[PDB]
>>> print(open('target.cif').read())   # mmCIF, C-alpha atoms and all ligand atoms
data_work
loop_
_atom_site.label_atom_id
_atom_site.label_comp_id
_atom_site.auth_asym_id
_atom_site.auth_seq_id
_atom_site.Cartn_x
_atom_site.Cartn_y
_atom_site.Cartn_z
CA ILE T 1 0.00 0.00 0.00
CA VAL T 2 1.31 3.43 -1.11
CA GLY T 3 0.53 6.40 1.08
CA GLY T 4 -1.14 4.27 3.73
CA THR T 5 -0.65 3.88 7.44
CA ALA T 6 -0.23 1.00 9.86
CA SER T 7 -3.25 -0.93 11.08
CA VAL T 8 -3.73 -2.17 14.63
CA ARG T 9 -4.45 -5.71 15.76
CA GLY T 10 -8.04 -6.72 15.02
CA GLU T 11 -8.77 -3.80 12.68
CA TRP T 12 -9.31 -5.81 9.44
CA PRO T 13 -10.21 -9.29 10.70
CA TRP T 14 -11.27 -10.64 7.29
CA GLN T 15 -7.81 -9.91 5.80
CA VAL T 16 -5.54 -12.94 5.37
CA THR T 17 -1.97 -13.32 4.16
CA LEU T 18 -1.57 -16.19 1.71
CA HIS T 19 1.93 -17.68 1.82
CA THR T 20 3.66 -19.90 -0.67
CA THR T 21 6.34 -22.31 0.58
CA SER T 22 8.09 -23.04 -2.70
CA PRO T 23 11.04 -22.72 -3.02
CA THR T 24 10.88 -20.86 0.24
CA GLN T 25 8.19 -19.38 2.46
CA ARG T 26 7.02 -15.85 1.67
CA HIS T 27 3.89 -13.78 1.50
CA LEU T 28 2.26 -14.31 -1.91
CA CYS T 29 -1.00 -12.37 -1.88
CA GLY T 30 -3.77 -11.01 0.22
CA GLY T 31 -7.22 -12.58 0.53
CA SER T 32 -10.53 -12.14 2.35
CA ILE T 33 -12.47 -14.51 4.62
CA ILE T 34 -15.98 -14.90 3.13
CA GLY T 35 -17.00 -18.13 4.88
CA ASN T 36 -15.72 -20.49 7.53
CA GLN T 37 -14.02 -22.59 4.83
CA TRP T 38 -13.69 -19.97 2.05
CA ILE T 39 -11.14 -17.29 1.08
CA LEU T 40 -11.72 -14.95 -1.87
CA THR T 41 -8.57 -13.78 -3.65
CA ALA T 42 -7.14 -13.02 -7.12
CA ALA T 43 -6.59 -15.70 -9.79
CA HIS T 44 -3.33 -14.02 -10.86
CA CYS T 45 -1.83 -15.07 -7.52
CA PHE T 46 -1.47 -18.69 -8.68
CA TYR T 47 0.54 -18.01 -11.83
CA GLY T 48 3.62 -19.75 -10.48
CA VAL T 49 1.89 -22.15 -8.09
CA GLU T 50 2.34 -25.87 -8.85
CA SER T 51 -0.55 -26.99 -6.63
CA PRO T 52 -2.45 -26.18 -3.41
CA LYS T 53 0.01 -28.34 -1.44
CA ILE T 54 2.49 -25.48 -1.11
CA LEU T 55 0.01 -22.84 0.11
CA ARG T 56 -0.53 -21.71 3.71
CA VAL T 57 -3.39 -19.37 4.72
CA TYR T 58 -2.68 -17.24 7.80
CA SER T 59 -5.48 -15.32 9.50
CA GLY T 60 -5.44 -13.06 12.51
CA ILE T 61 -2.03 -11.67 11.48
CA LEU T 62 -1.02 -8.07 12.07
CA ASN T 63 2.74 -8.29 11.54
CA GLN T 64 4.40 -10.68 9.10
CA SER T 65 7.04 -11.25 11.79
CA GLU T 66 4.40 -12.96 13.95
CA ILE T 67 4.55 -16.00 11.64
CA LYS T 68 6.97 -18.63 12.99
CA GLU T 69 7.35 -22.36 12.47
CA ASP T 70 4.69 -23.11 15.07
CA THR T 71 2.19 -20.46 13.94
CA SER T 72 -1.04 -22.20 12.98
CA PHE T 73 -2.27 -21.88 9.40
CA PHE T 74 -5.00 -23.40 7.26
CA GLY T 75 -4.21 -25.79 4.44
CA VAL T 76 -5.83 -25.20 1.05
CA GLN T 77 -7.98 -28.11 -0.18
CA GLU T 78 -8.83 -26.57 -3.55
CA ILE T 79 -8.04 -23.53 -5.70
CA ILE T 80 -11.07 -22.56 -7.79
CA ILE T 81 -10.03 -20.14 -10.54
CA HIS T 82 -12.65 -18.56 -12.77
CA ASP T 83 -12.79 -20.58 -16.01
CA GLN T 84 -12.40 -17.48 -18.19
CA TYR T 85 -9.36 -16.09 -16.39
CA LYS T 86 -6.40 -15.48 -18.73
CA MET T 87 -4.52 -12.48 -17.24
CA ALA T 88 -5.26 -9.88 -14.57
CA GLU T 89 -5.66 -6.96 -16.98
CA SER T 90 -8.28 -8.80 -19.06
CA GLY T 91 -10.59 -9.50 -16.11
CA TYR T 92 -11.98 -12.56 -14.36
CA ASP T 93 -9.21 -12.11 -11.78
CA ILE T 94 -10.98 -14.06 -9.06
CA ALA T 95 -10.30 -17.28 -7.17
CA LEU T 96 -11.77 -19.15 -4.23
CA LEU T 97 -9.60 -21.08 -1.78
CA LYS T 98 -11.52 -23.88 -0.11
CA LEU T 99 -9.79 -24.51 3.19
CA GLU T 100 -9.17 -27.99 4.56
CA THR T 101 -11.32 -27.19 7.63
CA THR T 102 -13.62 -24.48 9.01
CA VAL T 103 -12.26 -21.31 10.58
CA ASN T 104 -13.95 -20.87 13.92
CA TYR T 105 -14.57 -17.13 13.81
CA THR T 106 -12.95 -15.00 16.53
CA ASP T 107 -12.30 -11.32 17.17
CA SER T 108 -9.21 -11.60 14.97
CA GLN T 109 -10.69 -13.74 12.17
CA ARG T 110 -14.11 -12.68 10.88
CA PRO T 111 -15.99 -12.86 7.56
CA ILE T 112 -16.75 -9.88 5.35
CA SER T 113 -20.15 -9.86 3.67
CA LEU T 114 -20.48 -9.90 -0.11
CA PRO T 115 -22.21 -6.92 -1.73
CA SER T 116 -25.83 -7.48 -0.78
CA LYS T 117 -28.76 -8.35 -3.00
CA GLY T 118 -30.54 -5.11 -3.78
CA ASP T 119 -27.52 -2.84 -3.27
CA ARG T 120 -26.48 -2.78 -6.92
CA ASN T 121 -26.95 1.01 -7.09
CA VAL T 122 -25.34 1.97 -3.78
CA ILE T 123 -22.71 4.70 -4.03
CA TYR T 124 -19.86 3.51 -1.79
CA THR T 125 -18.06 6.51 -0.27
CA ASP T 126 -16.13 4.71 2.55
CA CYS T 127 -13.72 2.31 0.80
CA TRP T 128 -10.32 1.07 1.97
CA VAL T 129 -7.53 -1.04 0.48
CA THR T 130 -5.34 -3.09 2.83
CA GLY T 131 -2.23 -5.20 2.52
CA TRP T 132 1.40 -5.92 3.21
CA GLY T 133 2.58 -4.80 -0.22
CA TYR T 134 5.21 -2.29 -1.34
CA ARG T 135 4.94 1.33 -0.29
CA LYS T 136 6.36 2.25 -3.73
CA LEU T 137 7.05 0.54 -7.03
CA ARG T 138 10.52 -0.76 -6.02
CA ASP T 139 10.29 -1.54 -2.31
CA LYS T 140 9.69 -4.52 -0.02
CA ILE T 141 6.88 -6.42 1.64
CA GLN T 142 5.88 -4.47 4.76
CA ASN T 143 5.82 -5.98 8.22
CA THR T 144 2.67 -4.24 9.50
CA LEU T 145 -0.62 -4.50 7.57
CA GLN T 146 -1.19 -1.11 5.92
CA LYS T 147 -4.47 0.64 5.14
CA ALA T 148 -5.50 3.50 2.85
CA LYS T 149 -8.85 5.13 2.09
CA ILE T 150 -9.35 5.43 -1.66
CA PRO T 151 -12.32 6.85 -3.64
CA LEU T 152 -14.09 4.87 -6.34
CA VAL T 153 -14.00 6.28 -9.85
CA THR T 154 -16.62 5.62 -12.53
CA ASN T 155 -15.91 2.99 -15.15
CA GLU T 156 -16.21 5.77 -17.73
CA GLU T 157 -13.32 7.75 -16.21
CA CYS T 158 -11.35 4.56 -15.62
CA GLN T 159 -11.61 3.51 -19.27
CA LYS T 160 -10.36 6.94 -20.30
CA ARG T 161 -7.18 6.39 -18.23
CA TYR T 162 -6.63 2.87 -19.64
CA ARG T 163 -7.38 3.12 -23.32
CA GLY T 164 -5.22 0.07 -24.10
CA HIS T 165 -7.32 -2.20 -21.84
CA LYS T 166 -11.00 -3.21 -21.85
CA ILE T 167 -12.45 -1.81 -18.63
CA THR T 168 -15.73 -3.77 -18.26
CA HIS T 169 -18.62 -3.76 -15.81
CA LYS T 170 -16.83 -6.66 -14.09
CA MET T 171 -14.08 -4.26 -12.99
CA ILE T 172 -14.20 -1.37 -10.52
CA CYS T 173 -11.50 1.30 -10.30
CA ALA T 174 -10.35 3.43 -7.39
CA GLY T 175 -7.76 6.14 -6.86
CA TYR T 176 -7.11 9.86 -6.58
CA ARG T 177 -6.64 12.04 -9.64
CA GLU T 178 -3.38 13.32 -8.14
CA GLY T 179 -2.27 9.81 -7.13
CA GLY T 180 -0.44 9.13 -3.89
CA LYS T 181 -2.53 6.27 -2.45
CA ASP T 182 -2.99 2.89 -4.15
CA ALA T 183 -2.32 -0.82 -3.88
CA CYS T 184 1.11 -2.02 -4.97
CA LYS T 185 3.15 -5.21 -5.34
CA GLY T 186 2.07 -7.78 -2.76
CA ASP T 187 -1.38 -6.27 -2.21
CA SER T 188 -3.20 -8.19 -4.96
CA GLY T 189 -5.85 -10.68 -3.91
CA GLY T 190 -6.70 -8.64 -0.82
CA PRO T 191 -9.90 -6.70 -0.27
CA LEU T 192 -11.24 -3.36 -1.37
CA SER T 193 -13.62 -3.06 1.61
CA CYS T 194 -16.44 -0.50 1.70
CA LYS T 195 -18.58 0.29 4.73
CA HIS T 196 -22.28 1.01 4.14
CA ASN T 197 -24.77 1.51 6.98
CA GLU T 198 -21.90 0.44 9.30
CA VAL T 199 -21.59 -2.98 7.61
CA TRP T 200 -18.46 -3.90 5.64
CA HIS T 201 -18.86 -5.27 2.13
CA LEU T 202 -16.21 -6.88 -0.08
CA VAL T 203 -16.61 -4.57 -3.07
CA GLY T 204 -13.36 -5.28 -4.93
CA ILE T 205 -10.40 -7.66 -5.16
CA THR T 206 -7.07 -5.86 -5.61
CA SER T 207 -5.97 -6.78 -9.14
CA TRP T 208 -3.75 -4.50 -11.26
CA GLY T 209 -2.74 -0.97 -12.25
CA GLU T 210 -0.15 0.98 -14.24
CA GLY T 211 2.59 1.73 -11.72
CA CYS T 212 1.54 2.38 -8.12
CA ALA T 213 -0.32 5.53 -7.05
CA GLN T 214 0.53 7.42 -10.21
CA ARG T 215 -1.49 10.46 -11.22
CA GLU T 216 -4.62 9.62 -13.24
CA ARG T 217 -3.96 5.86 -13.10
CA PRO T 218 -6.47 4.33 -10.69
CA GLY T 219 -6.03 0.88 -9.29
CA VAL T 220 -8.22 -1.76 -10.88
CA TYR T 221 -10.18 -4.26 -8.80
CA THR T 222 -12.34 -7.25 -9.58
CA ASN T 223 -15.95 -6.03 -9.17
CA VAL T 224 -17.14 -8.64 -6.67
CA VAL T 225 -20.86 -7.87 -7.01
CA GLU T 226 -20.70 -9.17 -10.60
CA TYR T 227 -19.31 -12.52 -9.40
CA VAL T 228 -21.83 -13.16 -6.62
CA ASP T 229 -23.68 -15.81 -8.64
CA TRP T 230 -20.33 -17.49 -9.44
CA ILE T 231 -19.26 -17.44 -5.78
CA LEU T 232 -22.58 -18.88 -4.61
CA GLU T 233 -22.44 -21.61 -7.24
CA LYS T 234 -18.93 -22.64 -6.29
CA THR T 235 -19.46 -22.50 -2.52
CA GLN T 236 -22.73 -24.51 -2.58
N1 LIG M 301 8.68 -9.63 -2.78
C1 LIG M 301 7.60 -9.48 -3.66
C2 LIG M 301 7.85 -8.83 -4.84
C3 LIG M 301 6.82 -8.67 -5.73
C4 LIG M 301 5.57 -9.17 -5.43
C5 LIG M 301 4.52 -8.95 -6.38
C6 LIG M 301 4.62 -8.37 -7.66
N2 LIG M 301 3.45 -8.26 -8.30
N3 LIG M 301 2.59 -8.78 -7.41
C7 LIG M 301 1.19 -8.82 -7.74
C8 LIG M 301 0.97 -9.78 -8.87
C9 LIG M 301 1.59 -11.08 -8.52
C10 LIG M 301 0.98 -11.91 -7.43
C11 LIG M 301 0.83 -12.32 -8.86
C12 LIG M 301 0.59 -7.45 -8.01
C13 LIG M 301 0.43 -6.88 -9.26
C14 LIG M 301 -0.15 -5.62 -9.38
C15 LIG M 301 -0.57 -4.91 -8.27
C16 LIG M 301 -1.21 -3.59 -8.37
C17 LIG M 301 -0.58 -2.44 -8.77
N4 LIG M 301 0.77 -2.45 -9.19
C18 LIG M 301 1.27 -1.97 -10.37
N5 LIG M 301 2.55 -2.26 -10.44
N6 LIG M 301 2.84 -2.93 -9.28
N7 LIG M 301 1.76 -3.06 -8.52
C19 LIG M 301 -1.24 -1.24 -8.83
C20 LIG M 301 -2.57 -1.16 -8.49
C21 LIG M 301 -3.21 -2.30 -8.09
CL1 LIG M 301 -4.89 -2.25 -7.66
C22 LIG M 301 -2.54 -3.49 -8.02
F1 LIG M 301 -3.23 -4.57 -7.64
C23 LIG M 301 -0.39 -5.53 -7.06
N8 LIG M 301 0.18 -6.77 -6.93
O1 LIG M 301 0.32 -7.30 -5.79
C24 LIG M 301 3.17 -9.20 -6.23
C25 LIG M 301 5.43 -9.80 -4.22
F2 LIG M 301 4.24 -10.29 -3.89
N9 LIG M 301 6.41 -9.98 -3.33
#
>>> encode(input="target.cif", output="structure tokens", more="lines below")
Ligand SMILES: Nc1ccc(-c2cnn([C@H](CC3CC3)c3ccc(-c4c(-n5cnnn5)ccc(Cl)c4F)c[n+]3[O-])c2)c(F)n1
Amino acid sequence: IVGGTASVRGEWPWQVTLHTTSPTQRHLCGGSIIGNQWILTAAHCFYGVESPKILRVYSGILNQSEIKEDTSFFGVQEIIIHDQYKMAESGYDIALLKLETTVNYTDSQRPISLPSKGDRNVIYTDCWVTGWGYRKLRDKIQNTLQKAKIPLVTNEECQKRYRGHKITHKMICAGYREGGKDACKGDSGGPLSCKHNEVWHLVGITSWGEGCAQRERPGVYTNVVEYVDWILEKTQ
């Protein structure tokens, strides 16, 4: 996260850090708890991933340095990638992780609701992107989970900034005209979380952008509301 600030323990309890363990253990992507056995993340995350065997899902993590050889994690039983996914910038950047067992929810590990039936025309004005990613284009994974408030932009404006890509209704963009706050490397797969009537909704999945936090280049997110039928089909 560029231009963000540190979170405190318990602040974003649906946020997970997905680790790979091949050839060595490192943070791979963010993700969001959407069910006791279900993480929603980005399909792009699994580009180099030989199978679910090498994944570890950590929840309830504030600092990456909390994770040690005895820190508990959830195994991944299945990676469900959208059948039309080809590359992040062309959409369908969405994946479900089915965990081997059910998260018992606690103060530090909680679900975020999907965008609700009948909210298709809500204007979300309280949206935040979170993650352990770079604070700038050439940087490092951050120890403490970072947060930044970022405004949504219309798909019409977004398309005008990305005339070499097809910005569709299955994408949602977010950023400041002047730049300065955005996701960056290591944030993808995590949530774009928007609060409406004091309830958090998983509005976007952090996906791609041109640089990080550049002027007039909003970040691009998977528009979760357009995949609700797909999520329900896969999780049922
Ligand atoms: N050590 C270390 C080093 C690198 C990485 C690493 C590298 N890229 N990525 C991902 C894609 C990889 C996981 C498949 C990625 C891609 C794009 C974005 C992104 C951007 N950016 C534009 N230019 N950069 N970012 C802007 C806006 C939005 Cl909205 C974005 F989503 C975020 N991420 O995370 C993870 C790492 F994870 N660890």
>>> residues_around(input="target.cif", residues="residue T:98", least_positions_apart="5", cutoff="9 Å", atoms="all atoms listed in the file", output="list in words")
residues 37, 38, 39, 75, 76, 77, 78, 79, 80 and 235 of chain T
>>> axis_aligned_box(input="target.cif", around="stretch 67-83 of chain T", padding_each_side="8 Å", output="AutoDock Vina command-line options")
--center_x -2.7 --center_y -22.1 --center_z -0.5 --size_x 36.1 --size_y 28.1 --size_z 47.1
>>> residues_near_ligand(input="target.cif", ligand="ligand LIG 301 (chain M)", cutoff="6 Å", atoms="only C-alpha atoms and all ligand atoms", output="VMD selection string")
chain T and resid 28 to 29 44 to 45 137 140 to 141 182 to 188 206 to 212 219 to 221
>>> atom_distance(input="target.cif", atom1="atom CA of residue T:117", atom2="atom CA of residue T:198")
16.6 Å
>>> closest_atom_pairs(input="target.cif", of="stretch 86-124 of chain T", to="stretch 154-174 of chain T", cutoff="8 Å", atoms="only C-alpha atoms", output="JSON lines")
{"residue": "T:89", "atom": "CA", "partner": "T:165", "partner_atom": "CA", "distance": 7.0}
{"residue": "T:90", "atom": "CA", "partner": "T:166", "partner_atom": "CA", "distance": 6.8}
{"residue": "T:91", "atom": "CA", "partner": "T:171", "partner_atom": "CA", "distance": 7.0}
{"residue": "T:92", "atom": "CA", "partner": "T:170", "partner_atom": "CA", "distance": 7.6}
>>> closest_residue(input="target.cif", among="T:52, T:151, T:190, T:23", to="residue T:176", atoms="only C-alpha atoms")
T:151
>>> decode(input="target.cif", residues="stretch 24-62 of chain T", atoms="N, CA and C atoms", output="mmCIF file, in the first residue's frame")
data_model
loop_
_atom_site.group_PDB
_atom_site.id
_atom_site.type_symbol
_atom_site.label_atom_id
_atom_site.label_comp_id
_atom_site.auth_asym_id
_atom_site.auth_seq_id
_atom_site.Cartn_x
_atom_site.Cartn_y
_atom_site.Cartn_z
ATOM 1 N N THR T 24 10.729 -21.232 -1.152
ATOM 2 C CA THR T 24 10.880 -20.857 0.245
ATOM 3 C C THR T 24 9.615 -20.122 0.668
ATOM 4 N N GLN T 25 9.435 -19.976 1.975
ATOM 5 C CA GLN T 25 8.187 -19.383 2.461
ATOM 6 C C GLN T 25 8.213 -17.858 2.356
ATOM 7 N N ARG T 26 7.167 -17.296 1.755
ATOM 8 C CA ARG T 26 7.021 -15.850 1.674
ATOM 9 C C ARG T 26 5.547 -15.525 1.486
ATOM 10 N N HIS T 27 5.186 -14.312 1.877
ATOM 11 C CA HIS T 27 3.886 -13.776 1.503
ATOM 12 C C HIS T 27 3.728 -13.751 -0.015
ATOM 13 N N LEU T 28 2.593 -14.263 -0.488
ATOM 14 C CA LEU T 28 2.260 -14.313 -1.915
ATOM 15 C C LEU T 28 1.213 -13.288 -2.306
ATOM 16 N N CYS T 29 0.140 -13.216 -1.528
ATOM 17 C CA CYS T 29 -1.000 -12.370 -1.885
ATOM 18 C C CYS T 29 -1.831 -12.135 -0.645
ATOM 19 N N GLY T 30 -2.690 -11.138 -0.737
ATOM 20 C CA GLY T 30 -3.773 -11.012 0.220
ATOM 21 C C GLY T 30 -4.959 -11.874 -0.153
ATOM 22 N N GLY T 31 -5.946 -11.902 0.754
ATOM 23 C CA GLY T 31 -7.220 -12.576 0.530
ATOM 24 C C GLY T 31 -8.200 -12.139 1.597
ATOM 25 N N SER T 32 -9.464 -12.539 1.428
ATOM 26 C CA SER T 32 -10.531 -12.136 2.353
ATOM 27 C C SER T 32 -11.308 -13.364 2.801
ATOM 28 N N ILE T 33 -11.581 -13.459 4.105
ATOM 29 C CA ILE T 33 -12.468 -14.506 4.616
ATOM 30 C C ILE T 33 -13.905 -14.171 4.207
ATOM 31 N N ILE T 34 -14.554 -15.063 3.449
ATOM 32 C CA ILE T 34 -15.977 -14.899 3.135
ATOM 33 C C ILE T 34 -16.835 -16.025 3.681
ATOM 34 N N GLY T 35 -16.243 -17.026 4.308
ATOM 35 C CA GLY T 35 -16.997 -18.128 4.884
ATOM 36 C C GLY T 35 -16.039 -18.912 5.739
ATOM 37 N N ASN T 36 -16.588 -19.814 6.566
ATOM 38 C CA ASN T 36 -15.719 -20.492 7.530
ATOM 39 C C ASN T 36 -14.670 -21.340 6.836
ATOM 40 N N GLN T 37 -14.941 -21.758 5.605
ATOM 41 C CA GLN T 37 -14.025 -22.586 4.829
ATOM 42 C C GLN T 37 -13.563 -21.900 3.540
ATOM 43 N N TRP T 38 -13.762 -20.583 3.381
ATOM 44 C CA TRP T 38 -13.686 -19.974 2.053
ATOM 45 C C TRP T 38 -12.942 -18.648 2.109
ATOM 46 N N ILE T 39 -11.880 -18.535 1.309
ATOM 47 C CA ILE T 39 -11.143 -17.294 1.075
ATOM 48 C C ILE T 39 -11.377 -16.835 -0.356
ATOM 49 N N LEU T 40 -11.619 -15.537 -0.541
ATOM 50 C CA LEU T 40 -11.724 -14.953 -1.874
ATOM 51 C C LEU T 40 -10.451 -14.167 -2.166
ATOM 52 N N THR T 41 -9.847 -14.422 -3.325
ATOM 53 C CA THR T 41 -8.570 -13.781 -3.650
ATOM 54 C C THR T 41 -8.506 -13.602 -5.167
ATOM 55 N N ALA T 42 -7.313 -13.291 -5.693
ATOM 56 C CA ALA T 42 -7.138 -13.018 -7.121
ATOM 57 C C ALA T 42 -6.549 -14.245 -7.825
ATOM 58 N N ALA T 43 -7.087 -14.558 -9.012
ATOM 59 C CA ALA T 43 -6.592 -15.703 -9.785
ATOM 60 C C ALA T 43 -5.127 -15.532 -10.205
ATOM 61 N N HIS T 44 -4.703 -14.295 -10.453
ATOM 62 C CA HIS T 44 -3.326 -14.019 -10.858
ATOM 63 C C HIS T 44 -2.331 -14.550 -9.839
ATOM 64 N N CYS T 45 -2.734 -14.616 -8.571
ATOM 65 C CA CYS T 45 -1.828 -15.069 -7.518
ATOM 66 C C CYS T 45 -1.235 -16.446 -7.777
ATOM 67 N N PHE T 46 -1.892 -17.293 -8.557
ATOM 68 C CA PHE T 46 -1.472 -18.691 -8.677
ATOM 69 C C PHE T 46 -0.682 -18.949 -9.944
ATOM 70 N N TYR T 47 -0.228 -17.874 -10.597
ATOM 71 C CA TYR T 47 0.543 -18.015 -11.833
ATOM 72 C C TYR T 47 1.695 -18.996 -11.681
ATOM 73 N N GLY T 48 2.482 -18.852 -10.630
ATOM 74 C CA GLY T 48 3.622 -19.753 -10.484
ATOM 75 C C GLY T 48 3.414 -20.951 -9.578
ATOM 76 N N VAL T 49 2.170 -21.266 -9.213
ATOM 77 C CA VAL T 49 1.891 -22.154 -8.089
ATOM 78 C C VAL T 49 1.611 -23.560 -8.609
ATOM 79 N N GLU T 50 2.470 -24.533 -8.261
ATOM 80 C CA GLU T 50 2.340 -25.871 -8.847
ATOM 81 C C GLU T 50 1.110 -26.622 -8.336
ATOM 82 N N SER T 51 0.658 -26.336 -7.132
ATOM 83 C CA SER T 51 -0.546 -26.993 -6.632
ATOM 84 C C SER T 51 -0.916 -26.383 -5.291
ATOM 85 N N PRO T 52 -2.086 -26.716 -4.737
ATOM 86 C CA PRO T 52 -2.454 -26.179 -3.406
ATOM 87 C C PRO T 52 -1.553 -26.672 -2.289
ATOM 88 N N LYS T 53 -0.797 -27.755 -2.515
ATOM 89 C CA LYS T 53 0.008 -28.343 -1.437
ATOM 90 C C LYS T 53 0.960 -27.332 -0.811
ATOM 91 N N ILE T 54 1.472 -26.394 -1.605
ATOM 92 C CA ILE T 54 2.489 -25.483 -1.105
ATOM 93 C C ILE T 54 1.928 -24.204 -0.509
ATOM 94 N N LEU T 55 0.600 -24.044 -0.447
ATOM 95 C CA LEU T 55 0.006 -22.837 0.108
ATOM 96 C C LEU T 55 -0.226 -22.959 1.614
ATOM 97 N N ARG T 56 -0.100 -21.828 2.323
ATOM 98 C CA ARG T 56 -0.532 -21.705 3.708
ATOM 99 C C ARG T 56 -1.390 -20.452 3.825
ATOM 100 N N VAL T 57 -2.568 -20.555 4.454
ATOM 101 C CA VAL T 57 -3.391 -19.366 4.724
ATOM 102 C C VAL T 57 -3.220 -18.981 6.188
ATOM 103 N N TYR T 58 -2.770 -17.758 6.443
ATOM 104 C CA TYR T 58 -2.679 -17.237 7.802
ATOM 105 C C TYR T 58 -3.727 -16.159 8.031
ATOM 106 N N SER T 59 -4.496 -16.316 9.095
ATOM 107 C CA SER T 59 -5.476 -15.321 9.497
ATOM 108 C C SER T 59 -5.125 -14.814 10.885
ATOM 109 N N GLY T 60 -5.725 -13.679 11.243
ATOM 110 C CA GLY T 60 -5.436 -13.062 12.511
ATOM 111 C C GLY T 60 -4.033 -12.508 12.634
ATOM 112 N N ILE T 61 -3.407 -12.130 11.515
ATOM 113 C CA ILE T 61 -2.026 -11.669 11.485
ATOM 114 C C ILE T 61 -2.011 -10.155 11.342
ATOM 115 N N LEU T 62 -1.320 -9.482 12.258
ATOM 116 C CA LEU T 62 -1.025 -8.068 12.070
ATOM 117 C C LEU T 62 0.339 -7.901 11.409
#
